[PDB]
Amino acid sequence: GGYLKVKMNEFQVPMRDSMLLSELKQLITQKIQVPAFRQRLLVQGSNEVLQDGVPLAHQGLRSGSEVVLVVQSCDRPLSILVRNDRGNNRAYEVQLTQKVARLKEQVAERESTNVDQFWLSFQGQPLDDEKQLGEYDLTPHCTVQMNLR
C-alpha cells in the first residue's frame, strides 16, 4: 500500500520495502517513457538530490512523500565512449538524432583511421551508418566498440 507522489503534472508509483532510486526511475520510465539517464529526482520541499545505492526510505522519504522529477530534454548532448582495437577509450559528445555516420567520422578523425576501415558495435550489435544513434539506446558513458575490417 505504500506509494510516492512524483511531481513533474503529478502521478503516484508504488513504494516497496527498501526501494532504490533505480527502481523509482524504472517505474517513472513505465509511466512517461523517459529513460533513467534523463531523470533527476529530489525530495520535495527540501530539494535534496536522491542518490543510488541507499534505500530511498533512508534518504528522507516514506510512504506519501513527494519527489520532484526533472526531465532532461532529449536533444541535450551526451558523452559516450568508443573503445578501439587495443582496448583504449576516448570520449565523444553525440546527439541521439545524429546519424551513426557522424559518429564514424568523429572516430575516424580521433583514431587516425579511415571510416571505410572499421565499423562500430554496441553490446555486440552492429551500428548502421544510416540510422540515428537514438535507435540504439545509448546512455552516458556507455561503450561502443570499434571493429577493424
# chains A, B, ... in the order shown; residues from 1 in each chain; ligands from 1
>>> select_by_dssp(residues="range 2-142 of chain A", states="helix (DSSP H, G or I)", output="mmCIF file with N, CA and C atoms, in the first residue's frame")
data_model
loop_
_atom_site.group_PDB
_atom_site.id
_atom_site.type_symbol
_atom_site.label_atom_id
_atom_site.label_comp_id
_atom_site.auth_asym_id
_atom_site.auth_seq_id
_atom_site.Cartn_x
_atom_site.Cartn_y
_atom_site.Cartn_z
ATOM 1 N N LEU A 21 16.671 4.064 -5.850
ATOM 2 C CA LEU A 21 16.485 5.055 -6.911
ATOM 3 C C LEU A 21 16.324 4.437 -8.287
ATOM 4 N N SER A 22 17.073 3.385 -8.597
ATOM 5 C CA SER A 22 16.953 2.798 -9.932
ATOM 6 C C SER A 22 15.557 2.233 -10.161
ATOM 7 N N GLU A 23 14.921 1.713 -9.104
ATOM 8 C CA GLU A 23 13.568 1.168 -9.218
ATOM 9 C C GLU A 23 12.530 2.271 -9.353
ATOM 10 N N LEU A 24 12.735 3.389 -8.667
ATOM 11 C CA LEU A 24 11.865 4.531 -8.851
ATOM 12 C C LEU A 24 11.961 5.027 -10.291
ATOM 13 N N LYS A 25 13.175 5.093 -10.837
ATOM 14 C CA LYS A 25 13.310 5.564 -12.224
ATOM 15 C C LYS A 25 12.665 4.587 -13.191
ATOM 16 N N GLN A 26 12.752 3.274 -12.929
ATOM 17 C CA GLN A 26 12.083 2.313 -13.806
ATOM 18 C C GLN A 26 10.564 2.498 -13.814
ATOM 19 N N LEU A 27 9.965 2.733 -12.635
ATOM 20 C CA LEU A 27 8.518 2.970 -12.589
ATOM 21 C C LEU A 27 8.169 4.250 -13.339
ATOM 22 N N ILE A 28 9.006 5.283 -13.233
ATOM 23 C CA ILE A 28 8.756 6.507 -13.969
ATOM 24 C C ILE A 28 8.894 6.266 -15.460
ATOM 25 N N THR A 29 9.909 5.501 -15.900
ATOM 26 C CA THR A 29 10.024 5.178 -17.327
ATOM 27 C C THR A 29 8.763 4.492 -17.839
ATOM 28 N N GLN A 30 8.199 3.567 -17.055
ATOM 29 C CA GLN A 30 6.970 2.891 -17.476
ATOM 30 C C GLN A 30 5.801 3.860 -17.602
ATOM 31 N N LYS A 31 5.776 4.936 -16.806
ATOM 32 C CA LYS A 31 4.668 5.880 -16.806
ATOM 33 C C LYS A 31 4.811 6.891 -17.934
ATOM 34 N N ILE A 32 6.017 7.449 -18.165
ATOM 35 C CA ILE A 32 6.213 8.583 -19.078
ATOM 36 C C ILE A 32 7.206 8.341 -20.207
ATOM 37 N N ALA A 36 16.062 6.422 -17.747
ATOM 38 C CA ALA A 36 16.614 6.745 -16.433
ATOM 39 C C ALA A 36 17.621 7.890 -16.491
ATOM 40 N N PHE A 37 18.490 7.905 -17.496
ATOM 41 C CA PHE A 37 19.539 8.929 -17.557
ATOM 42 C C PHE A 37 19.032 10.362 -17.698
ATOM 43 N N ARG A 38 17.822 10.507 -18.220
ATOM 44 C CA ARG A 38 17.214 11.816 -18.395
ATOM 45 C C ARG A 38 16.384 12.248 -17.185
ATOM 46 N N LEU A 56 15.705 4.466 -0.572
ATOM 47 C CA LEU A 56 15.060 5.785 -0.580
ATOM 48 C C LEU A 56 14.521 6.151 0.798
ATOM 49 N N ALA A 57 14.033 5.161 1.539
ATOM 50 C CA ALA A 57 13.480 5.387 2.858
ATOM 51 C C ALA A 57 14.515 5.928 3.810
ATOM 52 N N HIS A 58 15.798 5.722 3.497
ATOM 53 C CA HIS A 58 16.906 6.242 4.268
ATOM 54 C C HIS A 58 17.490 7.525 3.673
ATOM 55 N N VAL A 100 24.571 7.540 -37.273
ATOM 56 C CA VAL A 100 25.768 6.775 -36.936
ATOM 57 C C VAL A 100 26.947 7.227 -37.771
ATOM 58 N N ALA A 101 26.699 7.575 -39.046
ATOM 59 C CA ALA A 101 27.776 8.043 -39.931
ATOM 60 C C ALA A 101 28.530 9.234 -39.335
ATOM 61 N N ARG A 102 27.837 10.087 -38.576
ATOM 62 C CA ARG A 102 28.521 11.232 -37.971
ATOM 63 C C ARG A 102 29.464 10.782 -36.871
ATOM 64 N N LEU A 103 29.036 9.822 -36.042
ATOM 65 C CA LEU A 103 29.941 9.253 -35.042
ATOM 66 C C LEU A 103 31.133 8.576 -35.721
ATOM 67 N N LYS A 104 30.906 7.820 -36.798
ATOM 68 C CA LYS A 104 32.023 7.205 -37.520
ATOM 69 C C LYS A 104 33.052 8.232 -37.935
ATOM 70 N N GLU A 105 32.594 9.395 -38.409
ATOM 71 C CA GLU A 105 33.538 10.440 -38.823
ATOM 72 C C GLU A 105 34.341 10.977 -37.641
ATOM 73 N N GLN A 106 33.687 11.193 -36.484
ATOM 74 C CA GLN A 106 34.411 11.617 -35.290
ATOM 75 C C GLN A 106 35.474 10.592 -34.922
ATOM 76 N N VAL A 107 35.108 9.308 -34.925
ATOM 77 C CA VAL A 107 36.048 8.267 -34.520
ATOM 78 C C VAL A 107 37.189 8.161 -35.515
ATOM 79 N N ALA A 108 36.884 8.232 -36.815
ATOM 80 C CA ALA A 108 37.946 8.131 -37.809
ATOM 81 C C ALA A 108 38.979 9.235 -37.620
ATOM 82 N N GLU A 109 38.534 10.444 -37.299
ATOM 83 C CA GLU A 109 39.474 11.535 -37.090
ATOM 84 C C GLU A 109 40.302 11.319 -35.833
ATOM 85 N N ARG A 110 39.646 10.992 -34.727
ATOM 86 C CA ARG A 110 40.382 10.909 -33.471
ATOM 87 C C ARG A 110 41.258 9.673 -33.370
ATOM 88 N N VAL A 115 37.090 5.852 -42.322
ATOM 89 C CA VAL A 115 35.764 5.320 -41.981
ATOM 90 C C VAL A 115 35.526 3.986 -42.656
ATOM 91 N N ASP A 116 36.110 3.762 -43.829
ATOM 92 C CA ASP A 116 35.849 2.509 -44.506
ATOM 93 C C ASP A 116 36.640 1.339 -43.939
ATOM 94 N N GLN A 117 37.502 1.570 -42.959
ATOM 95 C CA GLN A 117 38.326 0.503 -42.417
ATOM 96 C C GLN A 117 37.793 -0.045 -41.106
ATOM 97 N N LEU A 133 21.626 7.544 -33.996
ATOM 98 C CA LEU A 133 22.173 6.957 -32.782
ATOM 99 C C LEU A 133 21.092 6.564 -31.778
ATOM 100 N N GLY A 134 19.996 7.327 -31.721
ATOM 101 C CA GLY A 134 18.946 7.067 -30.750
ATOM 102 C C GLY A 134 18.157 5.809 -31.032
ATOM 103 N N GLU A 135 18.378 5.173 -32.183
ATOM 104 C CA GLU A 135 17.810 3.855 -32.437
ATOM 105 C C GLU A 135 18.497 2.756 -31.630
#
>>> select_by_dssp(residues="range 37-147 of chain A", states="strand (DSSP E)", output="NGL selection string")
:A and (39-43 or 66-71 or 78-83 or 89-94 or 118-122 or 125-126 or 143-147)
>>> closest_residue(among="A:130, A:111, A:3, A:8", to="residue 82 in chain A", atoms="only C-alpha atoms")
A:111
>>> atom_distance(atom1="CA of residue 39 in chain A", atom2="CA of residue 62 in chain A")
20.2 Å
>>> atom_distance(atom1="CA of residue 6 in chain A", atom2="CA of residue 74 in chain A")
19.9 Å
>>> closest_residue(among="A:48, A:34, A:67, A:40", to="residue 5 in chain A", atoms="only C-alpha atoms")
A:67
>>> residues_around(residues="residue 64 in chain A", least_positions_apart="3", cutoff="12 Å", atoms="only C-alpha atoms", output="list in words")
residues 1, 2, 3, 4, 5, 6, 11, 12, 13, 14, 15, 43, 44, 57, 60, 61 and 67 of chain A
>>> write_last_selection(atoms="N, CA and C atoms", output="compact mmCIF listing (two decimals), in the first residue's frame")
# COMPACT_ATOMS: atom_id res chain seq x y z
N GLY A 1 0.74 -1.24 0.00
CA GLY A 1 0.00 0.00 0.00
C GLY A 1 0.78 1.31 0.00
N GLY A 2 2.10 1.23 0.25
CA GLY A 2 2.93 2.44 0.24
C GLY A 2 3.15 2.99 -1.15
N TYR A 3 3.37 4.30 -1.23
CA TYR A 3 3.49 4.95 -2.53
C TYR A 3 4.35 6.19 -2.35
N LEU A 4 4.87 6.68 -3.49
CA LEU A 4 5.44 8.01 -3.59
C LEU A 4 4.63 8.80 -4.60
N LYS A 5 4.51 10.09 -4.33
CA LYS A 5 3.93 11.04 -5.29
C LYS A 5 5.06 11.68 -6.09
N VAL A 6 4.99 11.58 -7.40
CA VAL A 6 6.01 12.15 -8.29
C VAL A 6 5.44 13.43 -8.88
N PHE A 11 1.87 12.11 -10.59
CA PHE A 11 1.35 10.74 -10.59
C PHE A 11 1.92 10.01 -9.39
N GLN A 12 1.40 8.84 -9.10
CA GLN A 12 1.88 8.05 -7.97
C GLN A 12 2.56 6.80 -8.50
N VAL A 13 3.52 6.29 -7.72
CA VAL A 13 4.14 5.00 -8.00
C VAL A 13 4.15 4.21 -6.69
N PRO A 14 4.07 2.89 -6.74
CA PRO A 14 4.20 2.09 -5.52
C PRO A 14 5.61 2.17 -4.94
N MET A 15 5.68 2.08 -3.61
CA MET A 15 6.95 2.17 -2.89
C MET A 15 7.11 0.90 -2.08
N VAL A 43 14.00 15.23 -3.20
CA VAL A 43 12.98 15.23 -2.15
C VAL A 43 12.23 16.57 -2.17
N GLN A 44 10.90 16.53 -2.22
CA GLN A 44 10.10 17.76 -2.22
C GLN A 44 10.31 18.55 -0.95
N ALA A 57 14.03 5.16 1.54
CA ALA A 57 13.48 5.39 2.86
C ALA A 57 14.52 5.93 3.81
N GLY A 60 15.31 10.24 3.55
CA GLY A 60 14.33 11.20 3.97
C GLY A 60 12.94 11.03 3.39
N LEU A 61 12.62 9.86 2.83
CA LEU A 61 11.32 9.59 2.24
C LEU A 61 10.62 8.53 3.06
N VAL A 67 8.25 13.46 -4.36
CA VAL A 67 9.53 13.67 -5.02
C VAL A 67 9.34 14.55 -6.25
>>> residues_around(residues="residue 7 in chain A", least_positions_apart="2", cutoff="6 Å", atoms="only C-alpha atoms", output="list in words")
residues 10, 68 and 69 of chain A
>>> atom_distance(atom1="CA of residue 86 in chain A", atom2="CA of residue 136 in chain A")
23.8 Å
>>> closest_residue(among="A:65, A:143, A:51, A:72", to="residue 35 in chain A", atoms="only C-alpha atoms")
A:72
>>> closest_residue(among="A:97, A:77, A:50, A:19", to="residue 63 in chain A", atoms="only C-alpha atoms")
A:19
>>> decode(residues="range 44-80 of chain A", atoms="N, CA and C atoms", output="compact mmCIF listing (two decimals), in the first residue's frame")
# COMPACT_ATOMS: atom_id res chain seq x y z
N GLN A 44 10.90 16.53 -2.22
CA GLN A 44 10.10 17.76 -2.22
C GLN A 44 10.31 18.55 -0.95
N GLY A 45 10.24 19.89 -1.11
CA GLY A 45 10.32 20.83 -0.01
C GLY A 45 11.75 21.21 0.31
N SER A 46 12.54 20.21 0.71
CA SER A 46 13.97 20.40 0.95
C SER A 46 14.82 20.47 -0.30
N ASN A 47 14.39 19.76 -1.36
CA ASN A 47 15.14 19.69 -2.60
C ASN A 47 16.45 18.89 -2.52
N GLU A 48 16.54 17.90 -1.66
CA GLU A 48 17.77 17.10 -1.65
C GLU A 48 17.80 16.14 -2.86
N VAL A 49 18.91 16.07 -3.58
CA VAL A 49 19.02 15.16 -4.72
C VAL A 49 19.13 13.71 -4.22
N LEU A 50 18.29 12.83 -4.74
CA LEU A 50 18.32 11.41 -4.38
C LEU A 50 19.47 10.71 -5.10
N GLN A 51 20.02 9.71 -4.44
CA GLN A 51 21.22 9.02 -4.92
C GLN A 51 20.98 7.53 -5.04
N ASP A 52 21.83 6.90 -5.84
CA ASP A 52 21.82 5.46 -6.00
C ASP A 52 22.34 4.74 -4.75
N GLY A 53 21.97 3.47 -4.66
CA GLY A 53 22.60 2.53 -3.77
C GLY A 53 22.10 2.51 -2.35
N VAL A 54 21.48 3.56 -1.87
CA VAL A 54 20.96 3.64 -0.50
C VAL A 54 19.44 3.61 -0.57
N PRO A 55 18.74 2.80 0.22
CA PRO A 55 17.27 2.81 0.19
C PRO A 55 16.72 4.21 0.26
N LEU A 56 15.71 4.47 -0.57
CA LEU A 56 15.06 5.78 -0.58
C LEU A 56 14.52 6.15 0.80
N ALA A 57 14.03 5.16 1.54
CA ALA A 57 13.48 5.39 2.86
C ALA A 57 14.52 5.93 3.81
N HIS A 58 15.80 5.72 3.50
CA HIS A 58 16.91 6.24 4.27
C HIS A 58 17.49 7.52 3.67
N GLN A 59 16.77 8.15 2.74
CA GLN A 59 17.12 9.44 2.16
C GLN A 59 15.99 10.42 2.44
N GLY A 60 15.31 10.24 3.55
CA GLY A 60 14.33 11.20 3.97
C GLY A 60 12.94 11.03 3.39
N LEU A 61 12.62 9.86 2.83
CA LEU A 61 11.32 9.59 2.24
C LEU A 61 10.62 8.53 3.06
N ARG A 62 9.30 8.54 2.93
CA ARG A 62 8.46 7.47 3.47
C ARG A 62 7.19 7.47 2.65
N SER A 63 6.31 6.53 2.93
CA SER A 63 5.11 6.44 2.10
C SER A 63 4.33 7.76 2.16
N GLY A 64 3.85 8.23 1.00
CA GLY A 64 3.13 9.50 0.92
C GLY A 64 4.03 10.70 0.65
N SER A 65 5.35 10.53 0.75
CA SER A 65 6.25 11.63 0.45
C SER A 65 6.17 12.00 -1.03
N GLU A 66 6.50 13.26 -1.31
CA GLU A 66 6.59 13.76 -2.67
C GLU A 66 8.03 13.86 -3.12
N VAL A 67 8.25 13.46 -4.36
CA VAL A 67 9.53 13.67 -5.02
C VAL A 67 9.34 14.55 -6.25
N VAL A 68 10.32 15.38 -6.53
CA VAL A 68 10.35 16.25 -7.69
C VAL A 68 11.13 15.55 -8.78
N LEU A 69 10.56 15.47 -9.97
CA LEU A 69 11.21 14.86 -11.14
C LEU A 69 11.58 15.96 -12.13
N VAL A 70 12.86 16.05 -12.46
CA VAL A 70 13.33 16.95 -13.52
C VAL A 70 13.70 16.10 -14.72
N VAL A 71 13.11 16.40 -15.88
CA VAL A 71 13.38 15.65 -17.09
C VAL A 71 14.35 16.43 -17.96
N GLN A 72 15.49 15.82 -18.27
CA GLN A 72 16.41 16.45 -19.21
C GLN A 72 15.85 16.37 -20.64
N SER A 73 15.96 17.46 -21.40
CA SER A 73 15.45 17.45 -22.77
C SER A 73 16.14 16.38 -23.61
N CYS A 74 15.41 15.74 -24.50
CA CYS A 74 16.01 14.69 -25.31
C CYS A 74 17.07 15.18 -26.29
N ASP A 75 17.08 16.47 -26.60
CA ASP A 75 18.07 16.96 -27.54
C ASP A 75 19.37 17.40 -26.87
N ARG A 76 19.49 17.23 -25.54
CA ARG A 76 20.75 17.57 -24.89
C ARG A 76 21.82 16.54 -25.27
N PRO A 77 23.07 16.98 -25.48
CA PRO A 77 24.12 16.03 -25.86
C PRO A 77 24.43 15.06 -24.74
N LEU A 78 25.00 13.93 -25.13
CA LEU A 78 25.54 13.05 -24.11
C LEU A 78 26.92 12.59 -24.54
N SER A 79 27.71 12.24 -23.55
CA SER A 79 29.03 11.70 -23.80
C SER A 79 28.96 10.18 -23.82
N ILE A 80 29.66 9.56 -24.78
CA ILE A 80 29.82 8.11 -24.83
C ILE A 80 31.30 7.79 -25.00
